[PDB]
Amino acid sequence: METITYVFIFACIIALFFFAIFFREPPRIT
Amino acid sequence: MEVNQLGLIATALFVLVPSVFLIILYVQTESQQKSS
Amino acid sequence: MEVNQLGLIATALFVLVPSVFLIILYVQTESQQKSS
Amino acid sequence: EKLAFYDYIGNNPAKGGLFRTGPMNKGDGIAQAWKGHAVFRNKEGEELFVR
Amino acid sequence: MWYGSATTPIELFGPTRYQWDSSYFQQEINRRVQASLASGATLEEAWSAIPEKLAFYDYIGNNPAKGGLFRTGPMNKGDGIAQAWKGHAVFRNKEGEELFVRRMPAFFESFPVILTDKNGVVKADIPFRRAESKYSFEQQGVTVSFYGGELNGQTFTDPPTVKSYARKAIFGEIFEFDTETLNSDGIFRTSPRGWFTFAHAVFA
Amino acid sequence: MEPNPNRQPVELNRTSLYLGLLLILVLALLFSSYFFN
Amino acid sequence: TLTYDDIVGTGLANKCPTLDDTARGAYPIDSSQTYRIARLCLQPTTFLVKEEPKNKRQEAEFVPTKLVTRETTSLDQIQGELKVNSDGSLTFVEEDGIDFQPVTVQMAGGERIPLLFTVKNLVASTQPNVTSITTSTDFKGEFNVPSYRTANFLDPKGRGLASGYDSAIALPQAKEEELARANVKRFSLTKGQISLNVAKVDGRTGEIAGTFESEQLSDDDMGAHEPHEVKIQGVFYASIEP
Amino acid sequence: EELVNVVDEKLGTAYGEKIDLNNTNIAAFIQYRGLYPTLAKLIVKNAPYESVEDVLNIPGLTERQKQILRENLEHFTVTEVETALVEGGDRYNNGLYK
Amino acid sequence: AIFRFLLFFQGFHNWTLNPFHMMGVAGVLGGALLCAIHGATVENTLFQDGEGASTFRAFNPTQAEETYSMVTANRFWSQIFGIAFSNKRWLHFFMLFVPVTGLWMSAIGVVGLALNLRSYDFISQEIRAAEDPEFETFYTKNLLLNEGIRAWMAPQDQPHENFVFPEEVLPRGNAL
Amino acid sequence: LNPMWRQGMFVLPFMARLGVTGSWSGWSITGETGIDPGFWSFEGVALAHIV
Ligand code: CLA
Ligand code: CLA
Ligand code: CLA
Ligand code: CLA
Ligand SMILES: CCCCCCCCCCCCCCCC(=O)OC[C@H](CO[C@H]1O[C@H](CS(=O)(=O)O)[C@@H](O)[C@H](O)[C@H]1O)OC(=O)CCCCCCCCCCCCCCC
Ligand SMILES: CCCCCCCCCCCCCCCC(=O)O[C@H](COC(=O)CCCCCCCCCCCC)CO[C@@H]1O[C@@H](CO)[C@H](O)[C@H](O)[C@@H]1O
Ligand SMILES: CCCCCCCCCCCCCCCC(=O)O[C@H](COC(=O)CCCCCCCCCCCC)CO[C@@H]1O[C@@H](CO)[C@H](O)[C@H](O)[C@@H]1O
Ligand SMILES: CCCCCCCCCCCCCCCC(=O)O[C@H](COC(=O)CCCCCCCCCCCC)CO[C@@H]1O[C@@H](CO)[C@H](O)[C@H](O)[C@@H]1O
Ligand SMILES: CCCCCCCCCCCCCCCC(=O)O[C@H](COC(=O)CCCCCCCCCCCC)CO[C@@H]1O[C@@H](CO)[C@H](O)[C@H](O)[C@@H]1O
Ligand SMILES: CC1=C(/C=C/C(C)=C/C=C/C(C)=C/C=C/C=C(C)/C=C/C=C(C)/C=C/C2=C(C)CCCC2(C)C)C(C)(C)CCC1
Ligand SMILES: CCCCCCCCCCCCO[C@@H]1O[C@H](CO)[C@@H](O[C@H]2O[C@H](CO)[C@@H](O)[C@H](O)[C@H]2O)[C@H](O)[C@H]1O
């Protein structure tokens, strides 16, 4: 029940890594 | 294991609550250009 | 009282989660007129 | 033992409840062993049967 | 809140950590007991006069200094709900000499049980490496008697029980706790005086 | 990839917000007792 | 022939002496001459652990287990006098050697059973009227199974027998009553049984070989829990000399 | 129905007062005149003793060794051989140093 | 006289296990990383504005164009770490927030150890290890080190306490 | 006396019906002494899916 709670927050950091990289707002030249 | 019984909530809220605060703002931002 | 230990969470999420879903929509609606 | 076990209402899917969460073992407990068949006789020696 | 103050009564908030540091309560207790004796009173009679409330304050378990940041809940989740004073424990060795248990300095999570005489001469103790114990109980024939409190009048000469009682002595006055009701775990937690002070020192 | 045609905005008015909170909170006052059991 | 730089790493250092299929000989036992065993080796091969009773008294069996350690199991250098007392029977008396090895085997379910595979103070005898040890001969006997851990061993929380803490140091004001079991480290000592059955002989060199089976107890952990039953099936070499 | 720590219990017997011939570890003998080196190894190397004097009967002892032993018998004792203290060669290396 | 203050903390407060000190580290340690990754990114992204190699002079202390190329940088990192800056104004604020914040959490932590309100143990672990003598985690291991640090140190470190610990009391492993 | 269905097992039974009856842990759902699923053990099935 803890194991699960730790593995979740982790699985979240990892999915958040994907999005932050492959789903950012492209830094367009202004 | 003899864990704290309020741990599962103290952690759940500590994540959802402020995390949702941010989701609200972000999305409400996008829509100021009809987005979502 | 010997209550179900997951009750405090089952009730907490059952409220926040969908309740937040609505808050998101509403606010993101308001801002389609710069509001909030 | 296995056979006897099936012959116990406690394994009847019909018993139970909607919010009685968890495995069947949270109910009557974890089956450990068959205490044996019980015959009930009265004073006359006659063999009775439990309904 | 951390130090004293007439605005921080110790019956509303707990005892001060400095009252334990200077054996504040312990002194007043002796000062009374010693007097009662001058008044011609059996050792028992004398101690039995010591109010329970007073003895209670003379217990490290009510020291705001003990405790932990995440050791949540009331002090009763720790050592349990105080039920009664088991009485004052005097520890004598085989020679009859009266030994004294060295108390636990609010600082140490765990502390050894050393027993010394009048002038602090090491007379008895509980060893770690038995290979060469010289002062082990048994080897010194330590015993314990109680006065006042609910164990009043009784004596224990059985090594284990004497030891047990000696380790509980370290914390000052020995009490009887109810640890089933709140499902306590035996680990000290700080008092309101402690928390209040922690919160306000950090918000500050 | 380029802009996607099929694509509308989403909406939810005050009344709906209010009627939702009523539905949620009430379903919660109802079921909470059976969750704590 | 093979030396150290010849065996190192091959793990041949754990397997012990064989007798090319030439055996079946007979080592003449003089009786008027004193015999001793130069080197008695016992090489474990299989470890079984009787499945803890199910509670339901229905004949528990010895199941196989996986060796979680490496090739650190063999007993070697064992020696002592092979006494020839009356009625022809032989009696070996274990004197000294590498007569014990801590082995840990992972069991079917999940458990890990550490035992002290040994034959300490072994004293095995044979059938009466033993003349020239033959494939028909064989020894049997008891031995002492010391205790996995020594009086000095400390546990993760500091407690120990001949040394170490007195109690649950991390729970200052808890009830000792229920922690007794683990705060008082008892040091057991039990009997084990073997039986070396000779399968090969070399009348000439005076060296027999064969299979062995012994049964003993597992580690009780300074008496914290109940010990499991073990059975060990291996092989053994044995160089006899006057 | 009491669990007992054999060693703490044995510190109630003579062991914990005098050198136990059947239990105490060899280095205990380094506290009395010419007794350690050679005799200690003998004492220890010779199984249990049904009683103090029995030391006097160890194989091939010199009328001198015997003379000393008699001198120090007052510092010896005997108690039931205690496995925890004897097992594992603990009598030659009980695991202690300085 | 400070290294002592360090060990004392490890020994009596078990500091290293405090979430606030941990943040403290994460900040001081990561503030160093920023103060070094940024420095290197700038230096190896410089445009050429001189002729020689010692390009320190190529920088006109006087205004004008950026001296390195924020555009090139943002590209490097983004393909070699997925994320990359792209707003010098934010980059430099982060550089203020990171090390500053961590030393603040570092402080709150100690304000706590003043009242010995430490983060010494995890009860769930203790209860288990009290009952089961075969349970061992790097957690428990470190706790014994502390018992050692206090037992042997305390005496000479707290003279006004007149501690006297007979050799038989001193907790010790085997041999050592 | 303590088969999977007493322990509130929901998905385990479905893997049993089609052939997955053992674990990399060496135990069998029928209770057979040290057998050896191929890769296709309950852990394997779970793995495959996660991938
Ligand atoms: C391995 C990584 C690691 C890291 C990165 C850190 C990092 C940190 N530790 Mg931790 N620590 C560690 C391991 C680590 N520690 C371990 C293993 C232990 C033992 C358990 C400790 C024990 C420990 C303690 C006991 C303390 C810290 C503290 C701190 C923080 C330092 C605060 C500070 O700014 O000081 C920098 C110095 C100052 C005090 C700032 C004021 C300085 C003035 C203004 C300078 C005046 C200079 C003057 C002009 C020049 C004259 C000089 C003269 C020679 C000529 C910092 C977050 C401290 C803390 O928590 O603070 C709240 C603290 O007290 N640590
Ligand atoms: C002035 C502040 C204050 C103080 C001193 C106390 C003190 C006390 N409370 Mg009360 N309480 C307060 C406010 C306060 N409370 C408030 C506002 C509420 C409403 C939520 C409550 C609700 C409450 C309940 C429901 C209970 C108590 C109880 C108690 C007593 C037990 C101690 C304890 O619970 O420790 C627990 C403390 C902690 C472990 C909290 C540590 C806080 C962490 C470190 C903060 C999170 C970190 C943060 C996210 C970091 C981000 C950094 C950023 C820079 C990135 C104690 C006397 C208990 C009782 O009745 O006793 C028997 C009890 O059951 N209190
Ligand atoms: C192999 C390299 C290595 C790694 C990866 C870590 C990693 C970590 N250390 Mg450790 N550390 C190391 C070596 C290492 N350390 C060494 C040699 C020492 C001295 C012996 C220490 C001493 C030390 C102390 C004293 C402390 C840490 C702490 C931490 C944690 C936060 C540190 C931080 O924020 O830094 C600054 C931030 C950055 C520069 C960002 C780096 C990115 C994060 C932190 C790495 C995440 C790692 C994670 C395990 C992997 C998930 C990825 C997944 C795909 C597998 C972090 C998990 C702290 C802690 O306990 O935290 C709870 C702490 O207090 N470390
Ligand atoms: C096909 C569906 C299904 C089924 C038949 C099962 C069956 C089972 N589960 Mg699994 N489970 C499922 C899906 C399912 N599960 C899913 C999707 C998950 C992931 C969340 C899980 C997670 C899970 C866990 C974590 C556990 C089980 C366990 C169990 C066993 C115990 C029974 C139980 O938990 O009752 C509990 C059931 C209830 C009281 C739910 C009633 C549902 C309410 C009425 C719905 C709310 C009403 C709604 C809001 C009304 C609004 C109306 C609208 C019009 C306004 C049982 C074999 C347990 C186990 O391992 O057994 C030992 C266990 O610990 N399950
Ligand atoms: C017994 C004694 C024996 C002798 C001593 C021992 C040996 C010492 C060795 C170290 C000397 C290294 C050269 C330094 C310069 C350099 O790299 O150029 C690059 C710039 C030059 O700047 C600049 O110079 C630039 C021009 S140019 O570099 O001449 O082109 C100019 O354009 C720019 O604006 C200006 O800021 O250097 C720096 O600013 C970085 C270094 C200095 C920081 C000081 C910190 C203090 C601690 C010092 C410790 C020193 C260690 C000593 C070791 C023993
Ligand atoms: C991040 C986004 C998440 C959003 C999700 C929001 C979550 C809110 C939902 C609240 C859930 C209420 C349930 C509380 C019960 C509880 O608490 O019990 C659990 C039942 O679980 C489960 O097995 C959950 C799966 C339910 C299977 C039953 C299928 C029902 C279908 C009915 C059709 C729809 C009408 C666990 O069972 C346990 O089982 C045992 C432990 O293995 C013990 O008995 C425990 O005490 C306990 O009873
Ligand atoms: C709808 C919006 C809500 C949004 C809020 C989101 C919530 C997330 C926060 C998570 C909280 C973490 C705490 C978990 C502990 C727990 O779980 O413990 C509790 C401490 O409570 C409390 O007393 C909470 C009040 C804390 C007082 C301490 C002041 C600290 C100030 C420090 C300055 C800031 C750095 C209760 O104490 C209890 O006390 C006893 C019951 O009376 C028992 O021992 C219990 O087992 C338990 O320990
Ligand atoms: C017994 C007394 C107690 C009282 C009981 C309380 C009940 C009160 C009445 C409410 C019921 C009517 C709602 C159903 C009919 C309908 O679909 O109505 C919705 C109402 O919106 C609403 O606010 C209902 C929103 C429902 C929230 C559900 C969240 C689901 C996501 C869960 C996430 C899980 C991870 C939508 O209305 C729509 O509102 C507008 C669109 O947003 C337009 O007007 C549409 O045409 C339409 O009218
Ligand atoms: C389980 C263990 C957990 C470990 C946690 C590890 C945390 C370490 C991540 C570094 C923190 C970011 C600090 C710089 C902030 C920033 O500037 O990056 C931002 C994205 O932030 C984020 O959400 C970053 C999300 C983390 C990405 C993880 C990298 C994974 C490595 C993959 C290896 C590939 C082989 C966006 O950039 C900014 O975006 C704008 C801000 O308004 C401006 O343009 C700024 O200048 C800047 O460009
Ligand atoms: C409350 C409830 C309910 C509901 C629930 C649900 C609906 C759930 C779901 C759930 C889910 C739905 C879950 C999921 C999960 C998932 C996961 C966990 C995943 C994972 C993944 C991963 C981990 C991946 C990875 C990877 C990648 C990405 C790449 C490639 C490679 C790899 C494979 C490594 C019901 C009605 C019954 C009843 C009442 C109550
Ligand atoms: C990119 C993401 C990468 C993620 C990698 C991991 C993927 C798999 C995630 C599995 C999540 C669930 O993992 C599972 O959680 C439950 C708790 O809910 C744990 O179960 C735990 O609590 C239960 C009681 O509730 C105990 O009976 C059990 O002994 C204990 O281990 C399981 O031991 C763990 O295996």
# chains A, B, ... in the order shown; residues from 1 in each chain; ligands from 1
call {"tool": "calpha_fit_rmsd", "arguments": {"fixed": "chain B", "moving": "chain C"}}
result
0.0 Å
call {"tool": "residues_around", "arguments": {"residues": "region 64-76 of chain I", "least_positions_apart": "2", "cutoff": "8 Å", "atoms": "only C-alpha atoms", "output": "JSON, numbers by chain"}}
result
{"I": [41, 42, 43, 45, 46, 47, 59, 62, 78, 79, 80, 84, 85, 86, 88]}
call {"tool": "write_last_selection", "arguments": {"atoms": "C-alpha atoms", "output": "compact mmCIF listing (two decimals), in the first residue's frame"}}
result
# COMPACT_ATOMS: atom_id res chain seq x y z
CA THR I 41 27.65 26.69 -21.49
CA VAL I 42 28.45 30.39 -21.77
CA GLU I 43 32.18 29.84 -22.41
CA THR I 45 29.00 29.07 -26.95
CA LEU I 46 30.89 32.32 -27.43
CA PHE I 47 30.74 34.00 -30.83
CA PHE I 59 34.28 40.98 -24.82
CA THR I 62 30.53 48.11 -23.18
CA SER I 78 17.65 20.32 -25.73
CA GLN I 79 19.06 17.53 -27.92
CA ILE I 80 21.47 16.28 -25.27
CA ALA I 84 17.08 23.43 -22.12
CA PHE I 85 16.75 27.05 -21.04
CA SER I 86 15.62 29.85 -23.38
CA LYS I 88 18.21 34.40 -19.76
call {"tool": "select_by_dssp", "arguments": {"residues": "chain B", "states": "helix (DSSP H, G or I)", "output": "list in words"}}
result
residues 7, 8, 9, 10, 11, 12, 13, 14, 15, 16, 17, 18, 19, 20, 21, 22, 23, 24, 25, 26, 27, 28, 29, 30, 31, 32 and 33 of chain B
call {"tool": "residues_near_ligand", "arguments": {"ligand": "ligand 5", "cutoff": "12 Å", "atoms": "only C-alpha atoms and all ligand atoms", "output": "MDAnalysis selection string"}}
result
chainID I and resid 39 43 49:62
call {"tool": "write_last_selection", "arguments": {"atoms": "N, CA and C atoms", "output": "mmCIF file, in the first residue's frame"}}
result
data_model
loop_
_atom_site.group_PDB
_atom_site.id
_atom_site.type_symbol
_atom_site.label_atom_id
_atom_site.label_comp_id
_atom_site.auth_asym_id
_atom_site.auth_seq_id
_atom_site.Cartn_x
_atom_site.Cartn_y
_atom_site.Cartn_z
ATOM 1 N N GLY I 39 28.236 28.302 -16.394
ATOM 2 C CA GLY I 39 29.528 28.869 -16.707
ATOM 3 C C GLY I 39 30.135 28.204 -17.921
ATOM 4 N N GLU I 43 30.842 29.877 -21.818
ATOM 5 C CA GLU I 43 32.185 29.835 -22.409
ATOM 6 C C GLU I 43 32.387 29.040 -23.683
ATOM 7 N N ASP I 49 34.751 37.196 -31.514
ATOM 8 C CA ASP I 49 34.760 38.640 -31.604
ATOM 9 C C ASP I 49 36.172 39.145 -31.406
ATOM 10 N N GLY I 50 37.103 38.227 -31.642
ATOM 11 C CA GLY I 50 38.520 38.523 -31.522
ATOM 12 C C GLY I 50 39.247 37.685 -32.558
ATOM 13 N N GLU I 51 40.576 37.781 -32.582
ATOM 14 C CA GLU I 51 41.352 37.017 -33.547
ATOM 15 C C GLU I 51 42.174 35.928 -32.924
ATOM 16 N N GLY I 52 42.692 36.210 -31.738
ATOM 17 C CA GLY I 52 43.491 35.226 -31.031
ATOM 18 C C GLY I 52 42.665 34.116 -30.378
ATOM 19 N N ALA I 53 43.321 33.370 -29.503
ATOM 20 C CA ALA I 53 42.646 32.289 -28.826
ATOM 21 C C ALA I 53 42.112 32.758 -27.478
ATOM 22 N N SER I 54 42.910 33.525 -26.751
ATOM 23 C CA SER I 54 42.460 34.013 -25.462
ATOM 24 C C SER I 54 41.327 34.996 -25.726
ATOM 25 N N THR I 55 40.134 34.449 -25.887
ATOM 26 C CA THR I 55 38.940 35.225 -26.193
ATOM 27 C C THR I 55 38.375 36.069 -25.052
ATOM 28 N N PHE I 56 39.137 36.255 -23.984
ATOM 29 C CA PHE I 56 38.622 37.053 -22.877
ATOM 30 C C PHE I 56 38.492 38.517 -23.289
ATOM 31 N N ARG I 57 39.434 38.970 -24.097
ATOM 32 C CA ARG I 57 39.423 40.343 -24.550
ATOM 33 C C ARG I 57 38.274 40.649 -25.524
ATOM 34 N N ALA I 58 37.917 39.672 -26.356
ATOM 35 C CA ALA I 58 36.868 39.858 -27.351
ATOM 36 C C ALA I 58 35.585 40.441 -26.775
ATOM 37 N N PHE I 59 35.472 40.428 -25.449
ATOM 38 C CA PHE I 59 34.276 40.985 -24.818
ATOM 39 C C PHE I 59 34.411 42.467 -24.481
ATOM 40 N N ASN I 60 33.601 43.262 -25.172
ATOM 41 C CA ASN I 60 33.565 44.701 -24.971
ATOM 42 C C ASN I 60 32.757 44.921 -23.695
ATOM 43 N N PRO I 61 33.420 45.399 -22.619
ATOM 44 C CA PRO I 61 32.757 45.652 -21.327
ATOM 45 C C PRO I 61 31.576 46.602 -21.549
ATOM 46 N N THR I 62 31.568 47.186 -22.746
ATOM 47 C CA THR I 62 30.534 48.114 -23.183
ATOM 48 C C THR I 62 29.402 47.303 -23.830
#
call {"tool": "closest_residue", "arguments": {"among": "F:1, F:16, F:22, F:36", "to": "chain C", "atoms": "only C-alpha atoms"}}
result
F:36
call {"tool": "interface_residues", "arguments": {"of": "chain J", "to": "chain G", "cutoff": "7 Å", "atoms": "only C-alpha atoms", "output": "PyMOL selection string"}}
result
chain J and resi 25-27+33-34
call {"tool": "residues_near_ligand", "arguments": {"ligand": "ligand 11", "cutoff": "10 Å", "atoms": "only C-alpha atoms and all ligand atoms", "output": "NGL selection string"}}
result
(:A and (1-18)) or (:B and (1)) or (:J and (46-47 or 50-51))
call {"tool": "write_last_selection", "arguments": {"atoms": "C-alpha atoms", "output": "CSV table (one decimal), in the first residue's frame"}}
result
chain,number,residue,atom,x,y,z
A,1,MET,CA,0.0,0.0,0.0
A,2,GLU,CA,3.0,2.2,0.5
A,3,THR,CA,5.0,0.3,-2.2
A,4,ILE,CA,2.2,1.2,-4.5
A,5,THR,CA,2.1,4.9,-3.3
A,6,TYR,CA,5.8,5.2,-4.0
A,7,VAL,CA,5.8,3.5,-7.3
A,8,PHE,CA,3.0,5.8,-8.4
A,9,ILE,CA,4.5,9.2,-7.6
A,10,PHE,CA,7.5,7.7,-9.5
A,11,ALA,CA,5.6,6.6,-12.5
A,12,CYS,CA,4.3,10.2,-12.5
A,13,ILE,CA,7.7,11.9,-12.5
A,14,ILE,CA,8.6,9.6,-15.5
A,15,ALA,CA,5.5,10.4,-17.5
A,16,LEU,CA,6.0,14.1,-16.6
A,17,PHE,CA,9.5,13.7,-18.1
A,18,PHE,CA,8.1,12.5,-21.4
B,1,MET,CA,4.4,-3.0,8.4
J,46,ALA,CA,2.2,-9.6,-16.4
J,47,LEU,CA,5.5,-8.4,-17.9
J,50,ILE,CA,3.3,-4.0,-19.2
J,51,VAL,CA,5.5,-3.8,-22.3
call {"tool": "residues_near_ligand", "arguments": {"ligand": "ligand 2", "cutoff": "7 Å", "atoms": "only C-alpha atoms and all ligand atoms", "output": "JSON, numbers by chain"}}
result
{"E": [69, 70, 71, 72, 73, 74, 191, 192, 195, 196, 197, 198, 199, 200], "I": [101, 105]}
call {"tool": "interface_residues", "arguments": {"of": "chain D", "to": "chain C", "cutoff": "12 Å", "atoms": "only C-alpha atoms", "output": "list in words"}}
result
residues 19, 20, 21 and 22 of chain D
call {"tool": "residues_around", "arguments": {"residues": "residue 21 (chain G)", "least_positions_apart": "3", "cutoff": "12 Å", "atoms": "only C-alpha atoms", "output": "JSON, numbers by chain"}}
result
{"G": [18, 24, 25, 199, 200, 201, 202, 209]}
call {"tool": "write_last_selection", "arguments": {"atoms": "C-alpha atoms", "output": "mmCIF file, in the first residue's frame"}}
result
data_model
loop_
_atom_site.group_PDB
_atom_site.id
_atom_site.type_symbol
_atom_site.label_atom_id
_atom_site.label_comp_id
_atom_site.auth_asym_id
_atom_site.auth_seq_id
_atom_site.Cartn_x
_atom_site.Cartn_y
_atom_site.Cartn_z
ATOM 1 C CA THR G 18 36.549 -40.308 -7.363
ATOM 2 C CA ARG G 24 34.532 -53.258 -6.029
ATOM 3 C CA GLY G 25 37.746 -54.417 -4.357
ATOM 4 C CA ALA G 199 29.927 -47.920 -3.497
ATOM 5 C CA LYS G 200 33.564 -48.359 -4.612
ATOM 6 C CA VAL G 201 36.759 -49.781 -3.069
ATOM 7 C CA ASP G 202 40.422 -50.098 -3.956
ATOM 8 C CA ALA G 209 33.904 -44.107 -2.038
#
call {"tool": "residues_near_ligand", "arguments": {"ligand": "ligand 1", "cutoff": "6 Å", "atoms": "only C-alpha atoms and all ligand atoms", "output": "list in words"}}
result
residues 5, 6, 7, 9, 10, 15, 16, 24, 25, 28, 29, 103, 106, 107 and 110 of chain I
call {"tool": "closest_atom_pairs", "arguments": {"of": "chain G", "to": "chain E", "cutoff": "6 Å", "atoms": "only C-alpha atoms", "output": "tab-separated table"}}
result
residue	atom	partner	partner_atom	distance
G:162	CA	E:130	CA	5.7
G:163	CA	E:129	CA	4.3
G:164	CA	E:128	CA	4.8
G:171	CA	E:186	CA	5.2
G:172	CA	E:186	CA	5.9
G:173	CA	E:186	CA	4.1
G:174	CA	E:186	CA	4.1
call {"tool": "write_last_selection", "arguments": {"atoms": "N, CA, C and O atoms", "output": "compact mmCIF listing (two decimals), in the first residue's frame"}}
result
# COMPACT_ATOMS: atom_id res chain seq x y z
N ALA G 162 26.11 -13.73 24.06
CA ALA G 162 27.29 -13.51 24.88
C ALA G 162 27.72 -12.08 24.85
O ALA G 162 28.67 -11.70 25.53
N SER G 163 27.04 -11.28 24.05
CA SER G 163 27.36 -9.87 23.89
C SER G 163 26.20 -9.10 23.25
O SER G 163 25.34 -9.70 22.61
N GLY G 164 26.15 -7.79 23.42
CA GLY G 164 25.06 -7.07 22.79
C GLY G 164 23.93 -6.61 23.68
O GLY G 164 23.88 -6.87 24.87
N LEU G 171 12.56 1.04 21.33
CA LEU G 171 11.21 1.19 21.85
C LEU G 171 11.29 1.29 23.36
O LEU G 171 10.80 0.42 24.06
N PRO G 172 11.90 2.36 23.89
CA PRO G 172 12.09 2.64 25.31
C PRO G 172 10.96 2.39 26.30
O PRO G 172 11.23 1.90 27.39
N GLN G 173 9.71 2.70 25.96
CA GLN G 173 8.62 2.51 26.90
C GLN G 173 7.52 1.54 26.50
O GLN G 173 6.36 1.68 26.92
N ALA G 174 7.89 0.54 25.70
CA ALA G 174 6.96 -0.47 25.27
C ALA G 174 6.95 -1.68 26.23
O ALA G 174 7.80 -1.78 27.12
call {"tool": "interface_residues", "arguments": {"of": "chain I", "to": "chain G", "cutoff": "10 Å", "atoms": "only C-alpha atoms", "output": "list in words"}}
result
residues 121, 123, 125, 126, 127, 129, 130, 131, 132, 133, 134, 135, 136, 137, 138, 139, 140, 141, 143, 144, 147, 168, 169, 170, 171, 172, 173 and 174 of chain I
call {"tool": "residues_around", "arguments": {"residues": "residue 10 (chain B)", "least_positions_apart": "6", "cutoff": "12 Å", "atoms": "only C-alpha atoms", "output": "CSV table (one decimal) with N, CA and C atoms, in the first residue's frame"}}
result
chain,number,residue,atom,x,y,z
A,5,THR,N,2.1,3.4,-3.4
A,5,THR,CA,2.1,4.9,-3.3
A,5,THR,C,3.5,5.4,-3.8
B,4,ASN,N,1.8,4.7,9.3
B,4,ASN,CA,0.8,5.7,9.8
B,4,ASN,C,-0.4,5.6,8.9
B,16,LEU,N,-2.5,15.8,-5.2
B,16,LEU,CA,-3.7,16.3,-5.9
B,16,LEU,C,-3.9,17.8,-5.7
B,17,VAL,N,-4.3,18.2,-4.5
B,17,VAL,CA,-4.6,19.7,-4.2
B,17,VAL,C,-3.7,20.7,-4.9
C,8,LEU,N,-11.8,6.9,4.4
C,8,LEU,CA,-11.4,8.3,4.4
C,8,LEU,C,-10.9,8.7,3.0
C,9,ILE,N,-10.3,7.8,2.3
C,9,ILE,CA,-9.8,8.1,0.9
C,9,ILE,C,-10.9,7.9,-0.1
C,12,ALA,N,-12.8,10.9,0.1
C,12,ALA,CA,-12.0,12.1,-0.3
C,12,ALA,C,-11.9,12.2,-1.8
call {"tool": "residues_near_ligand", "arguments": {"ligand": "ligand 4", "cutoff": "10 Å", "atoms": "only C-alpha atoms and all ligand atoms", "output": "ChimeraX atom specification"}}
result
/A:1 /C:10,14 /D:17-26 /F:23-24,26-28,30-31,34-35,37 /J:4-13
call {"tool": "decode", "arguments": {"residues": "region 19-25 of chain C", "atoms": "N, CA and C atoms", "output": "PDB file, in the first residue's frame"}}
result
ATOM      1  N   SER C  19     -15.137  16.477  -8.723  1.00  0.00           N
ATOM      2  CA  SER C  19     -15.454  17.843  -8.341  1.00  0.00           C
ATOM      3  C   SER C  19     -14.472  18.829  -8.961  1.00  0.00           C
ATOM      4  N   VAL C  20     -13.222  18.417  -9.068  1.00  0.00           N
ATOM      5  CA  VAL C  20     -12.192  19.260  -9.660  1.00  0.00           C
ATOM      6  C   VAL C  20     -12.394  19.301 -11.177  1.00  0.00           C
ATOM      7  N   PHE C  21     -12.778  18.172 -11.759  1.00  0.00           N
ATOM      8  CA  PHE C  21     -13.026  18.087 -13.193  1.00  0.00           C
ATOM      9  C   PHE C  21     -13.956  19.208 -13.568  1.00  0.00           C
ATOM     10  N   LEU C  22     -14.985  19.402 -12.756  1.00  0.00           N
ATOM     11  CA  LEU C  22     -15.940  20.465 -13.034  1.00  0.00           C
ATOM     12  C   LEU C  22     -15.321  21.843 -12.836  1.00  0.00           C
ATOM     13  N   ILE C  23     -14.600  22.043 -11.739  1.00  0.00           N
ATOM     14  CA  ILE C  23     -13.986  23.338 -11.506  1.00  0.00           C
ATOM     15  C   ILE C  23     -13.099  23.732 -12.677  1.00  0.00           C
ATOM     16  N   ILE C  24     -12.328  22.792 -13.198  1.00  0.00           N
ATOM     17  CA  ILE C  24     -11.449  23.082 -14.335  1.00  0.00           C
ATOM     18  C   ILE C  24     -12.283  23.627 -15.486  1.00  0.00           C
ATOM     19  N   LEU C  25     -13.227  22.826 -15.953  1.00  0.00           N
ATOM     20  CA  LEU C  25     -14.059  23.266 -17.044  1.00  0.00           C
ATOM     21  C   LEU C  25     -14.635  24.669 -16.801  1.00  0.00           C
TER      22      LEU C  25
END
